[PDB]
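Chains as they are written, first to last, in UniProt numbering: chain A, 6 to 41, 47 to 560; chain B, 6 to 41, 47 to 560; chain C, 6 to 41, 47 to 560.
A virtual CB, placed ideally from N, CA and C, is assigned to each residue, including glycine.
To keep things clear, I will list the structure first and then write my remarks on it.
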Amino acid sequence: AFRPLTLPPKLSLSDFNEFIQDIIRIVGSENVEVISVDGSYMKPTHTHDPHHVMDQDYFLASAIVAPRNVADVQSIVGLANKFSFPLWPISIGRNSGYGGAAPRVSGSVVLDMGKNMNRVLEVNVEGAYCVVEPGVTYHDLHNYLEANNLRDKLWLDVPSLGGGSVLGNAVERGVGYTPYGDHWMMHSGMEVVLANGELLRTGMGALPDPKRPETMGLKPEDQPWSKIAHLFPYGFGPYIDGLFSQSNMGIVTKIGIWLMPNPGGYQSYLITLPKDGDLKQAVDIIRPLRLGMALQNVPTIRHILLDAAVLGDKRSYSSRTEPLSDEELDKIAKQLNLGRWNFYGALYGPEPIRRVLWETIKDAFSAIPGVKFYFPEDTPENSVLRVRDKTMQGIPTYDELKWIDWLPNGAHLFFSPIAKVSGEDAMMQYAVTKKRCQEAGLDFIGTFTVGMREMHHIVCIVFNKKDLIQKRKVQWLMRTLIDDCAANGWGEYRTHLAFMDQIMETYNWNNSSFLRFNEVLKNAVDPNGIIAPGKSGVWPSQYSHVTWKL
Amino acid sequence: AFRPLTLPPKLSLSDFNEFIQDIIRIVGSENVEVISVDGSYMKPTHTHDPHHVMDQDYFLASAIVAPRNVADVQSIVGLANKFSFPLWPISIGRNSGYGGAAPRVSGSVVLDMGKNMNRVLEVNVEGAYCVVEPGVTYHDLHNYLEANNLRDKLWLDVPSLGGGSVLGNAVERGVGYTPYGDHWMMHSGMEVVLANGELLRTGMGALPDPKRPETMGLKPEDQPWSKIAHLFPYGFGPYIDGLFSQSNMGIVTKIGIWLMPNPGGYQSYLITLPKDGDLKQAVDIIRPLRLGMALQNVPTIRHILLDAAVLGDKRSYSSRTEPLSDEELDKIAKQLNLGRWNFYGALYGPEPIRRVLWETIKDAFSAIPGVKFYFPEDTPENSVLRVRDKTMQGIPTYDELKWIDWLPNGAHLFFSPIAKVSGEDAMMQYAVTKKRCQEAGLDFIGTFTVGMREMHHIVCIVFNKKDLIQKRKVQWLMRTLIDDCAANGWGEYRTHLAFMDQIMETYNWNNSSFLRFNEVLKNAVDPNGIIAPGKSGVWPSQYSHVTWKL
Amino acid sequence: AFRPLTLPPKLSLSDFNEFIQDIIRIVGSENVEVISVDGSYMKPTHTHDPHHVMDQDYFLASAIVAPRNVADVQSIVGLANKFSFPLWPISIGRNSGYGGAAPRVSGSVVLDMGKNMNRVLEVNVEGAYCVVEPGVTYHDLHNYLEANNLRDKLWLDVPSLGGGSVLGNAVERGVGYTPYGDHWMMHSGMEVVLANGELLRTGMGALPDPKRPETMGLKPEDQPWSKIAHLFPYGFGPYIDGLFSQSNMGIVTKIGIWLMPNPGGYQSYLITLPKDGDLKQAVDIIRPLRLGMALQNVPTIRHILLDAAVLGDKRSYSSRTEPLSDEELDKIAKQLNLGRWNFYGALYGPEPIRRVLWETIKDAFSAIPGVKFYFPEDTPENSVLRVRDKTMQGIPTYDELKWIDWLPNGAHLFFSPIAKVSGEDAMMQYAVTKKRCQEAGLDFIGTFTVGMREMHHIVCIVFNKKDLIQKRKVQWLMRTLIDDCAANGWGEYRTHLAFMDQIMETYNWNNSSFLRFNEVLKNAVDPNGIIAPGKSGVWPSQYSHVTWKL
Ligand SMILES: *Cc1cc2c(cc1C)nc1c(=O)[nH]c(=O)nc-1n2C[C@H](O)[C@H](O)[C@H](O)COP(=O)(O)OP(=O)(O)OC[C@H]1O[C@@H](n2cnc3c(N)ncnc32)[C@H](O)[C@@H]1O
Ligand SMILES: *Cc1cc2c(cc1C)nc1c(=O)[nH]c(=O)nc-1n2C[C@H](O)[C@H](O)[C@H](O)COP(=O)(O)OP(=O)(O)OC[C@H]1O[C@@H](n2cnc3c(N)ncnc32)[C@H](O)[C@@H]1O
Ligand SMILES: *Cc1cc2c(cc1C)nc1c(=O)[nH]c(=O)nc-1n2C[C@H](O)[C@H](O)[C@H](O)COP(=O)(O)OP(=O)(O)OC[C@H]1O[C@@H](n2cnc3c(N)ncnc32)[C@H](O)[C@@H]1O
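Right under this line is the structure:
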């Protein structure tokens, strides 16, 4: 196809068309689509930002291409290297809040890996792990195991929603809420197509499975892996694996995620904290608990509007357009039988063990006036506890997409700085976030996910995508929170297309040595600057900073 | 469009056409025109030299392109860099006498910035300045202020005519006749598109106006400027601004010109000097006056033929074809009640102050036998004083285009060397200019504009554009005056396309170190040699001097 | 000489010594000195920062070399190019508050130009200008004129002190208080030695003075300049002059400074403003006054501690260590018969004219309750008016060095942002400055110098150089003021070695395009990076930003 909406830098119409036709000879017109529509979460767009804050066609594909197999990606990349055409790889494209599917460089080809490179590749019981392709969604994976009755043997770890990509999410350093919740740390043995087009597999993946009759003549992509590939991540020598989480260093075609065995015993719970400032005490109680392993999963402390919005849009709680009051927040908390902050956790294991931990937790949190403990059974049919009970045992659900509907054309955009597991730090962080929210005219909504020694504070910005005035406030709000948090010694762990440069400019110790070192590795492996110029603010040398920085 | 009259160096027909069509996709065929007609001053040509001395198609565009906005110029430049196509930027193209609109390199695209980048951008009263685009003509600016009733608060400074470009004129280091008459020195905060295509704003323009809700997501071009941008020119560090007056270092898209507040009191005047050699005494009287601030504007000493020709063509004063005589010049001076040289000035400010200065001036000039003082009121309806009275208070007029009609197909070409504010120097300069004029068979016509310590001597050459014999004498006359004045220690301040190289070769102290240093800066910023190769004789390294020097 | 304290980057001891000995063969051991002592203002150090805020040997020379003539500099530069040795040129080295004489890169050779290149080259009366060499101090120039009885014909323009370099101060874009107070704008015709070592003279200086018997065979440096060199700055073509104010693009060996004729009438004056908050109304009164030319020089608005400290150290007004109070500030103003802010001006010209202006001014300022008008005659023997009366008429004095003695080991360090000529802006600027000052434990002391449309706010930081706790507070103070003023849309006009980078990172509009463009010109003209790496933050490409940025 003929004439796109936006072309990639330095490319002519003539070169594009030659390339697209060459791409078509390889994947079929069935697998190619040229932009000459936001969609939903259940059927996600792939050409632009569905939760757009910039104009909606600001980060816009010139085409969507989707490989049949690993060999298609080799050929595509060769073709990108002939013409110098940028590729923006996706797995599912469910990254809304962070850019969705859009490419940082308008005009790139979005490479949809998920459409055809779909397969649950292996579910190994004794090593308790699985090998997945970009397309295996969490739901699918769930369903794979149900299909073979493996769910009494192995469990998954899922995010809040169930449609994301196990792989895609894992390269983003995404979080989940069971003991295996730190997705990135659960991996082992990834297969990459680099910017020169060669296929590499990390760690024990570089150790060839030995020759045998049945595996002769297979294309690299399709060979088995040696026994230890997905059991020990390190391999030998430099542990390059991390260079492929949040970066532009290659295209990931396989990945091993470790799976948590059935623990033989489970139970969710909800601790509710009455007062807005019970967050400080709450968190100080959580410090030793997490660090001491009484708290086994990644328990989350939710804000009250986060739970309220799951249950209903704001219109349903007030007709008021400006942020809610302190008093109304108490009144809504009381309505749902939730407190001002709500702590969510799960206990895992034999009853004897579960019993002791729970008693220890229960007693710790009893030090807060008015706290109330609930299991799933004790809460309304529609409660968040019953949704998270699914979530905290590896079952994917979609119930939590509703809070995105807080306001009319609800779009979320996440501000995600990390905080100490300490009441003071937390209050400080929230104190600053909260202020900016009310200056912009936005309800504050969020969650802290409790990591071992750190907390990921997901400030959940919901806004009206069809409101120019508001979109301008969020951009104002986001960059002001970047600066503020920066100024308090906190930085974001993950972000949106339009905030990457500002967040990478936050990580400037010793004159931005960190980004400088990254540019060296990027330009080395990608001489042409073809694999996603811009991710995490790393620009190859052919993208002038003055022209491309946001 | 298909096949041009003259193409740019090294370019093929095939490359041109690809480029022009690419340009058309960006600006629309509405904004592009291919040369496959001299026009007037009120409707100026843009493809060649309207006051041509060389063949009329000697400096000829291959196309005229005109951007919609700043982003169009970025894209155009990118395209010039792909194909190595020379761009010859204009604002209005009213430079006749200096080349008009034509490009030094035949075959370049004339980039008409004035057609669409038209806007009076800001008229700030308290800082007393304005921010204008290439297209704001002087007349327009005048009219902007009338439209908002700002003319009792702020005044302009205009050239002799009112159609020029405030910006265009200001980058040429053009002159005007009020206290703000040194156009270039009145600026502060320019926005440039360089040869690599990046947008830069000078001085305090590099100091970002801080983030606020209402200005989020604007394209660089369109962001506000910080408070001090147009009040302090210097900024911090190297003061690059001058690199963009008379040069090929970038394309200027905005500019701040300082505006002179209503002074609360005004009055023009005409001092007439009888004798041709009263110029020497006159100027010696002006020395201390200017330097002492009794003379506040840029008073001009006009030749008698300059004033005579404003009133009528030469046919109206004599039928004679050869230059007029000394005796006839007296007779024409007496006819109009003007002397042989005529001094024009204006007093600005409270009456008390005006009173004292005028008395001081009056008394100084009384030392010349026969001198006569006139205000506007005292002169015929059609007098030059009444035209300049407009001019010296910031009101643009066009009355003075008539002297261009001295001879039949009247074309002016300016020889503009600078002289000392000293009678001797002046007489010398005039003595040499005058001789050459009569050797070529041309009346001598001119004006000295009195700067603080220097005088700009505009020798006003009028000639018949449809007379090959004469055009050959002017070329002879111009280069001979270049050599002569050079040999007397004087150089031109500004010139025509065909005289640039000879004038830049006049500024050869220490083996042309000055031009050598400039070539280094040019080749550095413009690797491809795309922005107007040749302006002021600076040639990028891909334009062999042997091939391109005139 | 043998083994220095700090060497320049990448240089060996063996290369150094070869270079220094080669330098000795050209200038003599008499003109060379190797560092293997702060001094005073009257006898200034040249190896480091006398007003140090960083360790006192932080910016430290490796040697001091001083050329005999211009050829010495051509040879030195050649040698720096052979060995890649950085040169830090100075004229006098009296830049304390801004780094003194110290080089941004430790280990450079400080090039003292002032020791031997001393001469008032020409004092031309009819063109009313002078040509000076690095060494001509203001006091010398003053003295040159008295020696020939030129002071009844031409006057100078001087900063607060008289020891500075007319040239050096003029290239730093320094200020003075008569009608010629904008030093840089008064220049015309500079001679530079570039990084490649060729000698270039700007503007009309490129226009050779014509051959004559008496000037045959002269070395370029020593030839005469053509008549218009020092009368018209522009010349022809690109106006490169500004590339040499606050930059690393060449070594300045000569410069023309225009001189203000005797105006025939002078009178100083002091308007005192009672209340701290009468600055806002004062400044509003000044707006139209400056803009209207009733205010003819650069009248300064001084703080009350600026005046008090001239008269005495703080010990003399209080024994208190922390910043004074509001009430004590009133008590000290009342003591000296000064108000809380004090405005200093001068009227210039025929009495008739002076009379009118002064009445206008007097009447304007009468709008402030309690204001009092004083001429020199009416103030104590030791008053600031009597010092400034010298100052505003071109006479250099040193009385004002005393405020530097506010505290024990008094060192000044200037914070110099620019502000609008508007009360509101002024107060805002002062409100922010003032807060920071008291947070760090320092009296606020400053002066606004009133430009036409802008004000230079010189916040006068005095601190104890022998107090590590305090030096750390001023570095904290200085970078906090940079940030704050930056966030309020104000940037500094000039600064100290250690604040360059941060101030150049403040002028980052459109992704630092302004600095990027300067790096291209810098690397182009200085392939080896030898002339003063770092001035104004511009680092040639062999100085990694991660290694050298502060
Ligand atoms: C809206 C939202 C998002 C969300 C969430 C809750 C809501 C309401 N809860 C999350 C959670 O609890 N934990 C978490 O980590 N993320 C959460 N999200 C964010 C996102 O919606 C989900 O995380 C989702 O799984 C992320 O998107 P998905 O995995 O589907 O989609 P993606 O666009 O493909 O993103 C992958 C990005 O990583 C690179 N990439 C991806 N695949 C590859 C391959 N094969 N090779 C190379 N690079 C790859 C790219 O950078 C890409 O943009
Ligand atoms: C015929 C004539 C000319 C004239 C004059 C009187 C007469 C009878 N009186 C003048 C005067 O009193 N003072 C003066 O400075 N010039 C006078 N002129 C000359 C000219 O006609 C006017 O000065 C007029 O304003 C100049 O032309 P104008 O401003 O309209 O037109 P221009 O062709 O655009 O010229 C600009 C040139 O500068 C560069 N340029 C211009 N704009 C840009 C932008 N945006 N970016 C980059 N470069 C730019 C080019 O070099 C261009 O050719
Ligand atoms: C302590 C003080 C300082 C001061 C002042 C009052 C006091 C009490 N009042 C000032 C004022 O009213 N206006 C002003 O501009 N400055 C004022 N100062 C600051 C300083 O002391 C004086 O301004 C003084 O004139 C500045 O120093 P000076 O001219 O003597 O000395 P310098 O070290 O040479 O500094 C020049 C710097 O510029 C570059 N430079 C200098 N010369 C060259 C040459 N030839 N070529 C290339 N670069 C040059 C360097 O960056 C150098 O460090």
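Any Cβ of chain B within less than 8 Å of the Cβ of C:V120? no
Run through chain B and tell me which residues come within less than 8 Å of A:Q512, C-beta to C-beta. The contacting residues do not exist; A:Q512 stays about 11 Å from chain B at best.
Residues of chain A with a CB under 7 Å from the CB of B:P223: which are they? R482, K483 and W486
C:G88, enclosing beta strand (DSSP E) - first and last residue: Element bounds for C:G88: not the beta strand (DSSP E) but the alpha helix (DSSP H), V80 to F93.
So, does the region 549 to 557 of chain B touch the region 22 to 29 of chain C, judging by three or more C-beta pairs under 8 Å? no
Let me know the alpha helix (DSSP H) ranges lying completely inside the region 90 to 177 of chain A, each 4 residues or longer, listed in chain order. 148 to 158
Residue range of the beta strand (DSSP E) that includes A:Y384: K382 to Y384
C-alpha gap between A:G461 and A:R300, whole angstroms: 8 Å
In angstroms, rounded to a whole number, what distance separates the CA positions of A:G213 and A:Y139? 15 Å
Please confirm if the region 179 to 192 of chain C is in contact with the region 245 to 265 of chain C, defined as three or more CB-CB distances below 8 Å between the two stretches. yes
Provide the residue span of the beta strand (DSSP E) that contains C:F473, from first to last. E464 to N474
Under 8 Å, do B:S72 and B:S118 count as touching if we go by C-beta distance? yes
Answer yes or no: do B:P218 and C:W519 have a C-beta to C-beta separation smaller than 8 Å? yes
If we count Cβ pairs, one from each stretch, closer than 8 Å, do we get three or more for the region 534 to 546 of chain B versus the region 78 to 96 of chain B? yes
Hey, is B:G107 close to ligand 2, as in C-beta under 7 Å from one of its heavy atoms? yes
Classify B:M127 as buried or exposed, calling it buried when 16 or more other Cβ atoms lie within 10 Å of its own Cβ. buried
Which of helix, strand or coil DSSP assigns to A:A421: strand
Anything in chain A within Cβ reach of C:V556, meaning under 8 Å, just list it in chain order. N520, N521, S522, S523 and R526
Does the CB of A:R114 have a neighbour CB from chain B at under 8 Å? no
Assuming A:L367 is part of the beta strand (DSSP E), what are its boundary residues? Unbroken run through A:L367 is the alpha helix (DSSP H), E361 to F375; no beta strand (DSSP E).
Please confirm if C:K559 has its CB atom under 8 Å from at least one CB of chain A. yes
If the criterion is Cβ atoms closer than 8 Å, does the pair A:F454 and A:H467 meet it? no
Whole-angstrom C-beta distance between B:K481 and B:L417, which should lie under 8 Å: In fact, because the Cβ distance is near 12 Å, the residues do not count as touching under 8 Å.
Under 8 Å by Cβ, that's how I've got B:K125 and B:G145 pegged, so tell me the actual separation to the nearest angstrom. 7 Å
Would you say B:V181 touches ligand 2, meaning its beta carbon is less than 7 Å from a heavy atom? yes
Using the three-state DSSP reduction, which class does B:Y440 fall into: helix, strand or coil? helix
Burial state of A:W351 (16 or more Cβ within 10 Å): buried
To the nearest whole angstrom, what separates the beta carbons of C:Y358 and C:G275, a pair I think is in contact under 8 Å? 7 Å
Alpha carbon of C:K237 to alpha carbon of C:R129, nearest angstrom: 20 Å
Could you tell me the distance, in whole angstroms, from the CA atom of B:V87 to the CA atom of B:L210? 15 Å
Give the residues from the region 443 to 458 of chain A that approach chain B closer than 8 Å (Cβ to any Cβ), ordered along the chain. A450
Here's the rule I'm using: 16 or more other beta-carbon atoms within 10 Å means buried, otherwise exposed. How should A:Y244 be labelled? exposed
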